[PDB]
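Written out below as structure tokens is the structure these notes cover.
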Amino acid sequence: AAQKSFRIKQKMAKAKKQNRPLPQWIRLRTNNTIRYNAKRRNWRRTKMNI
Amino acid sequence: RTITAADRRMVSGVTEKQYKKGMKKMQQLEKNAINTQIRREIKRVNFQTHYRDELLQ
Amino acid sequence: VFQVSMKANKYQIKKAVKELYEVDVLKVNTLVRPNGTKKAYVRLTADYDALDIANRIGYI
Amino acid sequence: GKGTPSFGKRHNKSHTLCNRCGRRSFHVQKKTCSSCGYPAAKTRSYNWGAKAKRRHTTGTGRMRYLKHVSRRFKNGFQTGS
Amino acid sequence: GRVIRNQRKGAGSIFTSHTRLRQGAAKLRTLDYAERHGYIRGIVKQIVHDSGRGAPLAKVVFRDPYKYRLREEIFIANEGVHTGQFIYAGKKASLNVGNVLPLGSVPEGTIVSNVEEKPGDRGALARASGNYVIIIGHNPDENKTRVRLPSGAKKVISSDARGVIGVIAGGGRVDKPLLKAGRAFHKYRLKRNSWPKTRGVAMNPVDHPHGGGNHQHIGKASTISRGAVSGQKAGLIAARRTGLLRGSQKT
RNA sequence: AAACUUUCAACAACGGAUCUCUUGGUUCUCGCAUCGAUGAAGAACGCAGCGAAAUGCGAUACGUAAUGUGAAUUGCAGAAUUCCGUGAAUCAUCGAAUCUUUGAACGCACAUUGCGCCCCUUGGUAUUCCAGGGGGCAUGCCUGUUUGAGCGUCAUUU
RNA sequence: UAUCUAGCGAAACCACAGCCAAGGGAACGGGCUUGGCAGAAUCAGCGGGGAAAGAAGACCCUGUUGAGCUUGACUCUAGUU
RNA sequence: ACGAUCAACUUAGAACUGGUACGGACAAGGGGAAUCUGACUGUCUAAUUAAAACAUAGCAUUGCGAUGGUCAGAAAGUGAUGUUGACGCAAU
RNA sequence: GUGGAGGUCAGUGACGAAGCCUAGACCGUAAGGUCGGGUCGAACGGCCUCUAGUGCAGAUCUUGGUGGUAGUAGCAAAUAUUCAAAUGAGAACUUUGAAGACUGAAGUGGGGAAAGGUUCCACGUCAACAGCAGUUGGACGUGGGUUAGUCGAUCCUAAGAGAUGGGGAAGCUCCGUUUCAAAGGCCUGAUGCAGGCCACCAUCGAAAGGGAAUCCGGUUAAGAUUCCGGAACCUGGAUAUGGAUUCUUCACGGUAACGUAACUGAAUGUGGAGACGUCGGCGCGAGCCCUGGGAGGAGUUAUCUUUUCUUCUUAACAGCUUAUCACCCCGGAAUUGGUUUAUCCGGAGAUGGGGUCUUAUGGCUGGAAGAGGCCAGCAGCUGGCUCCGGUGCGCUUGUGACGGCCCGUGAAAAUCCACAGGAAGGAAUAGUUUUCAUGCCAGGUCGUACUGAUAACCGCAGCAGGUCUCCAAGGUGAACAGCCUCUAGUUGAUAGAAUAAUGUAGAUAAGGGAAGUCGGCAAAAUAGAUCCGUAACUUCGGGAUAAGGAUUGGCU
RNA sequence: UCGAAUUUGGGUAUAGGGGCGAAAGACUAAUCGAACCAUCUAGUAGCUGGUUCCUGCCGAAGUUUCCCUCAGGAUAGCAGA
RNA sequence: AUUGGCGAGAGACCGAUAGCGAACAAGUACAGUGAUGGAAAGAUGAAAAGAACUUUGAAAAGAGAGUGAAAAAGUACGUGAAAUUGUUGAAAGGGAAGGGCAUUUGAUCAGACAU
């Protein structure tokens with residue numbers, strides 16, 4: 002809602018911070034297994050349930 | 376935009392060509408995982424527990 | 083325009099600006115950015131130049 | 002109908018964020034979290050929920066202080082330098 | 002079988018009364034020293050309607066004997082009580098309509114209302130609209146008086162029990178037939194959710210003792226025993242006799 | 001006769017079986033006794049030059065202090081006598097600290113980043129108002145301290 | 001709309017499959033036997049058949065399988081006296 | 001007896017007129033004679049049954065004067081009716 | 001025959017172990033064993049024994065993978081798209097322009113509540129998604145953005161929830177919310193206190209109830225009653241001057257209703273506001289609608305048109321004034337009068353004459369024309385005008401006085417105010433107040449972008465479903481019915497070509513008119529308005545629009 | 001049907017043998033003649049389905065008696081070793 | 001006594017559909033309002049030496065070139081089966097295909113005389 006609580010907005014900020022792909026330099030580290038951001042969220046595909 | 380994320384990644388060690396290539400690889404991997412998920416979930420996604428079936432049985 | 087810790091209020095921001103940079107502030111307007119940090123618009127008095135003290139701080 | 006037309010009327014929130022645990026299982030009207038028993042003193046756990054205890058037992062988190070107790074015991078809770 | 006409706010009505014929930022709009026509890030003065038030795042005078046400020054109650058309430062301002070305050074008591078109006086009337090409550094009050102007197106201080110045949118059941122509480126008998134109690138007689142030996150209740154029952158009570166002189170007013174309220182179902186709906190909208198009532202014989206056999214069957218019939222005797230447990234007391238409870246009276250049956 | 005269909009082989013496809021590895025699991029044995037109001041377990045949110053996560057940490061924040069080792073970390077950038085030395089390190093050890101908001105959670109509440117009260121102190125021409133800084137304010141119970149209550153009750157006094 | 005085309009593009013179902021008559025046969029065959037016949041690849045319709053598809057028949061019966069309900073079944077019980 | 005000035009759609013009437021049309025599109029009751037049944041308005045089987053079923057006002061019966069009737073709780077210094085009192089509550 | 005173990009063959013092997021393919025070969029009746037060829041890269045085998053999670057075609061078997069169906073069903077509701085240019089490798093789908101349309105103000109418009117959480121906006125961009133396409137996007141990558149003393153939360157209490165004192169319960173906990181309690185905070189002059197005061201009873205409970213106070217213009221890629229400019233108000237607190245007030249110590253005036261620039265007032269009580277239903281008609285106000293003159297611009301001009309469209313606006317706040325109701329003074333009324341649309345009032349004092357009040361609301365002025373709007377000229381600047389009216393069963397809305405209805409009479413508290421009272425204080429520079437004016441300081445925390453739906457919520461989704469509410473133009477018409485249009489917004493839904501059967505939806509049919517069918521199912525018929533006419537029956541209210549007929553335009 | 005027994009948002013109360021029901025065994029999150037989740041539980045089944053390599057030798061019974069026994073067991077018989 | 005915690009040593013155990021659900025950013029992603037439910041997913045090479053450069057294409061990519069012992073290892077990466085599919089080659093085909101016995105025909109093949 003537009004009229005929202007600060008706890009909700011803090012979770013919003015956390016989600017916006019997390020909403021990004023893998024940093025590219027991480028792929029170049031030795032013994033790197035991470036291939037892509039497997040926890041990438043999007044508003045059209047999965048609701049946050051908060 | 377005095378300095379861009381392009382400059383930040385260039386100093387981080389990934390150039391523009393490597394950025395584009397790695398991003399394409401990431402989209403490829405996500406698409407492969409998506410294809411696999413649909414293929415596996417099609418088998419048992421249509422198992423509604425309490426479906427009605429107007430013409431019973 | 084200053085980034086401010088979320089634990090600060092308008093009085094704290096006023097006093098802190100007055101202490102760090104010796105300029106009187108006319109008002110403070112604080113909001114919470116969607117990335118989760120306070121953003122404070124500190125309007126100084128008419129007899130100080132924001133463009134002057136900004137490049138004094140270091141950013142033009 | 003009881004299906005699609007009635008699934009459009011669900012826009013309230015029976016549960017919200019709990020404080021003791023971050024779960025979205027704090028009953029708004031009952032005021033009791035349905036997963037951790039807040040605000041009761043005892044965290045709501047049951048022996049029939051083996052997986053429930055396994056999810057939230059000690060060691061599933063940071064263990065901010067319990068991590069070093071083994072070190073301190075192995076050194077005998079020494080003091081000094 | 003399922004817990005029947007009358008069984009469900011004791012636990013509360015939706016069967017509590019709807020007491021938002023009620024002006025307050027209709028009670029007399031506390032049995033103070035002044036009222037139990039002489040009398041005290043109050044002034045009828047206003048007569049008001051009480052939601053869910055047929056008889057209008059009367060608000061009487063009484064001076065506080067032991068403090069400046071004005072103790073405003075919510076009486077039950079008697080037919081004759083009006084705004085601006087002086088109400089004399091106590092043992093030494095003269096016998097006029099609206100005065101409160103202990104039943105040992107009134108002559109025989111007196112009509113009283115809101116009669117105290119035992120000296121000390123604040124009115125128990127004959128408070129519904131149009132109802133009254135008749136002072137049948139006295140007994141100074143044991144400090145009792147015999148009275149006739151609205152139900153035609155004879156009772157004996159301590160002569161120091163109080164009671165307002167007159168009738169509860171609002172009488173004949175049940176003469177007028179509620180034509181629409183909406184009239185009853187609004188009558189019970191302020192009364193405890195006891196309407197509409199589904200016949201047990203129309204209920205399914207799980208929901209009521211009378212339910213079930215290929216015809217809407219009770220099936221067994223509907224005169225239920227007094228000693229029957231809760232959940233069996235559906236119908237005529239402890240019925241000495243049934244059917245239409247067909248007789249004088251006293252007046 | 002072609003096409004098409006079928007059967008087989010070669011090469012190529014879809015798919016990830018077989019084979020071979022294995023910082024994992026499982027079971028057994030042995031030794032130890034160490035959570036928490038000096039605030040635990042758990043949670044939320046944040047912290048890196050460049051990280052979303054895992055791991056680590058708490059506004060001193062992938063950490064500070066102490067000790068040992070003795071020259072790295074590394075994907076890049078940077079730092080580089082920093083290295084014949086109180087000294088690199090995403091090292092090891094760990095006895096000193098910091099330890100946000102919480103949580104048995106403890107001033108009152110909490111779907112509020114709400115509302116108080118006290119002490120010291122600073123500013124606003126201020127014991128009262130406002131603001132900043134620091135320290136506090138739960139309950140049950142014990143021992144003790146102090147102040148009391150009760151013709152429950154003793155002595156003494158008019 | 002169907003139909004044809006460009007793009008996109010499933011599902012039900014599928015022992016193997018698909019021309020009949022008669023015979024016998026689990027007493028109503030697509031296959032078996034005796035006959036009739038039988039020529040690639042196909043399109044739009046179509047509803048005779050595939051005892052077509054959907055569901056381990058709900059009707060009935062069996063089970064020393066239940067459940068809802070009833071009572072004066074058997075054995076108890078809350079409450080109440 | 002009475003003059004000037006300003007202002008609005010409402011009804012009635014009369015000519016004239018037309019390929020007798022004109023609520024010109026839109027919009028918009030089929031009606032009558034009966035029978036069974038439920039008085040009526042209302043409500044229910046969301047997702048096969050909207051009814052003649054339920055409810056209803058009306059009528060009637062029953063319990064109860066509070067140390068009470070009906071009902072709830074494992075218990076309570078517990079509770080609903082009850083902010084109540086037979087023109088009331090409770091059960092049919 | 002297989003996994004694994006003991007022994008042995010000083011077994012095989014990077015010069016290639018295992019595995020895998022092999023209509024190539026040999027052996028055994030068979031389970032299977034051996035060999036050649038290709039692929040391949042690191043372990044494996046024969047024999048004597050031991051051990052077992054040891055042998056698959058099925059179990060509507062489990063998992064995983066893949067087929068015919070099949071380039072098939074289909075991508076067909078919401079009226080509809082077309083041309084040119086640009087961009088681009090590529091355009092039915094992007095953009096711009098030119099058309100044609102639709103939603104038609106109970107919209108496909110403009111905002112919000114729940115919900116969503118960055119979808120908002122910019123730049124770059126097509127791997128995937130947008131069931132066609134794509135240069136486009138709610139997609140991808142990177143960033144930007146949400147500014148409050150006045151709007152909400154915060155505060156109050158509603159239905160209710162819930163500790164403490166208590167009391168149950170083995171116990172997790174339960175009852176209970178002021179009761180079987182030794183339950184505290186307020187005013188001070190200084191933690192007693194001078195001392196006094198009070199006896200109420202933790203707390204939570206509404207982003208639609210109550211509630212301290214903010215409006216206009218401008219501004220952004222995206223903000224806004226929050227920013228900027230200007231102009232106000234509230235609260236808290238210091239608080240100085242002026243005014244007011246007095247030796248008659250705490251004001252005057254009016255016959256009165258009552259007026260003021262103020263014009264002491266403790267404890268304690270009283271009252272008021274908060275504070276309230278629904279419907280009907282009437283009055284008034286606002287906004288909108290219609291329209292006249294005039295001052296500008298635009299459209300039309302074969303012909304006509306003093307034409308058609310369009311701008312002419314004045315916020316919060318302040319001063320003066322303004323009203324139905326109500327009340328006051330004089331007077332004393334039947335020949336009863338006054339009066340509403342609605343029948344109510346008058347010797348408990350009418351009509352009438354004169355006055356007081358509330359300021360809903362309107363007028364003037366200040367705010368403020370300096371703003372905004374509309375034009376013209378010159379290269380941003382400079383000028384003008386922004387004026388005066390009219391009407392209403394008009395629509396929405398506010399409000400007033402009323403009336404109808406109930407066995408329905410239609411919240412609470414915080415808070416604020418006043419009154420009764422006379423505790424206490426103030427006397428002549430002695431002063432006391434400062435509900436008067438002016439002046440000073442501060443107002444924290446959190447929310448603030450966007451959608452709010454045939455694409456931003458929920459329905460597995462970019463689903464013809466569901467989801468609360470505000471504003472609401474013109475014509476026809478009784479009508480926020482149907483139809484057309486203005487401001488505004490869309491032009492989205494795969495498309496092209498033909499017009500077979502069968503369909504779905506819409507229709508029409510000569511004669512007959514239910515003969516069809518279980519059954520007039522479906523369809524048709526009538527329909528608005530005015531006038532006439534209207535039966536049996538009836539609970540006397542109805543039946544009733546009964547039935548059955550006539551008229552209906554335009555123009556003068 | 002459309003001014004009221006009206007429709008509806010938010011708050012709030014009632015929780016599974018319980019609620020609520022103008023009464024249909026209706027509603028209680030697509031679940032209702034007893035909701036959902038986990039555990040007891042790999043519940044029991046005289047019933048249905050399946051039960052994985054080769055060869056060799058031998059190779060049957062649906063009958064007796066008794067069982068709340070009649071879709072099953074015990075016993076005797078037939079069969080192998 | 002010990003299926004919890006810490007520290008160790010082992011196995012005729014399992015070897016990525018097995019073994020804990022989790023050998024991996026696993027009680028993670030994800031579903032449900034909620035209690036709860038809950039996966040999939042290991043391997044290039046010794047070393048990225050991860051394909052400089054040329055050319056066709058708008059681009060993805062392709063063809064060369066090159067690294068490599070091997071691109072029959074190209075971040076879809078060890079080996080790479082079967083179902084299923086494409087091309088090439090062979091053969092057959094009048095409403096099934098498949099099978100047994102026997103031989104003709106075509107293709108293919110071992111052994112033995114040569115000792």
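Chains as they are written, first to last, in the authors' numbering: chain Ln, 2 to 51; chain z, 376 to 432; chain LZ, 83 to 142; chain Ll, 2 to 82; chain LD, 2 to 252. We treat Cβ as the ideally placed atom computed from N, Cα and C, and that holds for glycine.
For residue i and residue j, I'd like the C-alpha separation in whole angstroms.
i	j	result
residue 19/LD	residue 3/LD	27 Å
residue 194/LD	residue 222/LD	28 Å
residue 28/Ln	residue 60/Ll	30 Å
residue 254/LD	residue 234/LD	Given that chain LD is displayed from residue 2 to residue 252, the structure contains no residue 254/LD and the question cannot be resolved.
residue 166/LD	residue 109/LD	13 Å
Thinking C-alpha only, which one of the options is nearest residue i?
i	options	result
residue 205/LD	192/LD, 219/LD, 91/LD and 146/LD	219/LD
residue 37/Ll	46/Ll, 5/Ll and 68/Ll	46/Ll
residue 99/LZ	117/LZ, 128/LZ, 137/LZ and 123/LZ	123/LZ
residue 259/LD	185/LD, 6/LD, 241/LD and 46/LD	In the structure as shown, chain LD starts at 2 and stops at 252, and residue 259/LD therefore has no counterpart that could be examined.
residue 27/LD	227/LD, 12/LD, 48/LD and 64/LD	48/LD
residue 21/Ll	12/Ll, 32/Ll and 15/Ll	32/Ll
residue 43/Ln	4/Ln, 20/Ln and 32/Ln	20/Ln
residue 135/LZ	116/LZ, 92/LZ, 107/LZ and 95/LZ	107/LZ
residue 21/LD	238/LD, 215/LD, 190/LD and 157/LD	190/LD
residue 160/LD	168/LD, 180/LD, 136/LD and 183/LD	136/LD
residue 127/LD	171/LD, 240/LD and 245/LD	171/LD
residue 118/LZ	9/Ln, 4/Ln, 32/Ln and 45/Ln	9/Ln
By the criterion of Cβ-Cβ separation under 7 Å, what are the contact partners of residue i in chain Ln?
i	result
residue 389/z	25 and 26
DSSP state of residue i, grouped into three classes?
i	result
residue 34/LD	helix
residue 396/z	helix
residue 379/z	coil
residue 186/LD	helix
Whose Cβ in chain Ll lies nearer than 8 Å to the Cβ of residue i?
i	result
residue 42/Ln	Those within 8 Å of residue 42/Ln in chain Ll number zero; the least Cβ separation is about 15 Å.
Please list the partners that residue i has in chain z, where partner means a Cβ-to-Cβ separation under 9 Å.
i	result
residue 30/Ln	Chain z residues near residue 30/Ln: none, gap ~10 Å exceeds 9 Å.
Grab the span of the beta strand (DSSP E) containing residue i for me, first residue to last.
i	result
residue 442/z	Look at the range of chain z in this structure, 376 to 432, and you will see that residue 442/z is not part of it.
residue 112/LZ	107 to 114
For the alpha helix (DSSP H) holding residue i, just list the boundary residues, first then last.
i	result
residue 145/LD	Looking at the DSSP string, residue 145/LD is not in any alpha helix (DSSP H); the run it does join, the beta strand (DSSP E), is 145 to 149.
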